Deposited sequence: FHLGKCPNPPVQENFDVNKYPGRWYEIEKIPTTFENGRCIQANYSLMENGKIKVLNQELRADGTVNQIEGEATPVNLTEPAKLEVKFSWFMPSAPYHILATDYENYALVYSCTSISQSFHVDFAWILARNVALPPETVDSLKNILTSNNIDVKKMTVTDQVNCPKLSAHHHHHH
């Protein structure tokens, strides 16, 4: 919960949705499970999403949704919807190299005077070099997004996939 309008960081340049699908593991996030992963598949800039996690008891929580480009100008600005009852939430891909990492950002106003935001660092592998994670946090920080509440997702106590 923060003062002001939503930050509007620049998004990934020349974003190619065709190179984005498949499995991504959640490395760190602003807390909104362990072994957290997302699976994306192409529809037609549209993406089908299956998010899955393991709980402490070893049961699996899954949710399915769809991500739709918000507009025709910026293919890295999507909105995702999981349930009929839930309004779409931004899914902005701030940066990705499609083979190693992705930084995703989402912000929602609470009137024009306040906002809440979230971010996820994702990877193709279950870990990233500390230098990559730092560089990505630097993108958030330099766009006035607080990274200090970010937590490290448990990808250690997990099945080999």
Quiz item: Can you list the gaps, in order, where the deposited sequence has no modelled residues?
Solution: 33-36, 49, 167-174
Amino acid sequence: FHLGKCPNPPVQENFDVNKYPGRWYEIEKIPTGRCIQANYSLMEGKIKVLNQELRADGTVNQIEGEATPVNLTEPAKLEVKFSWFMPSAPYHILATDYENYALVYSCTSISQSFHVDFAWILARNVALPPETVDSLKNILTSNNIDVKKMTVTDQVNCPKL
From here on, numbers count along this sequence of modelled residues.
Quiz item: According to the deposited model, is the average Cα temperature factor higher in 146-154 or in 21-29?
Solution: 146-154
Quiz item: Should the higher mean CA B-factor in the entry be assigned to 48-56 or to 126-134?
Solution: 126-134
Practice problem: Tell me, lowest, middle or highest third: where does the Cα B factor of residue 87 rank within its chain? | Solution: highest
Quiz item: By its CA B factor, does residue 112 count among the lowest, middle or highest third of the modelled residues in the chain?
Solution: highest
Quiz item: Lowest, middle or highest third: where is residue 41 by Cα B-factor in its chain?
Solution: middle
Quiz item: Within this chain, which third does the Cα B-factor at residue 70 fall in: lowest, middle or highest?
Solution: highest
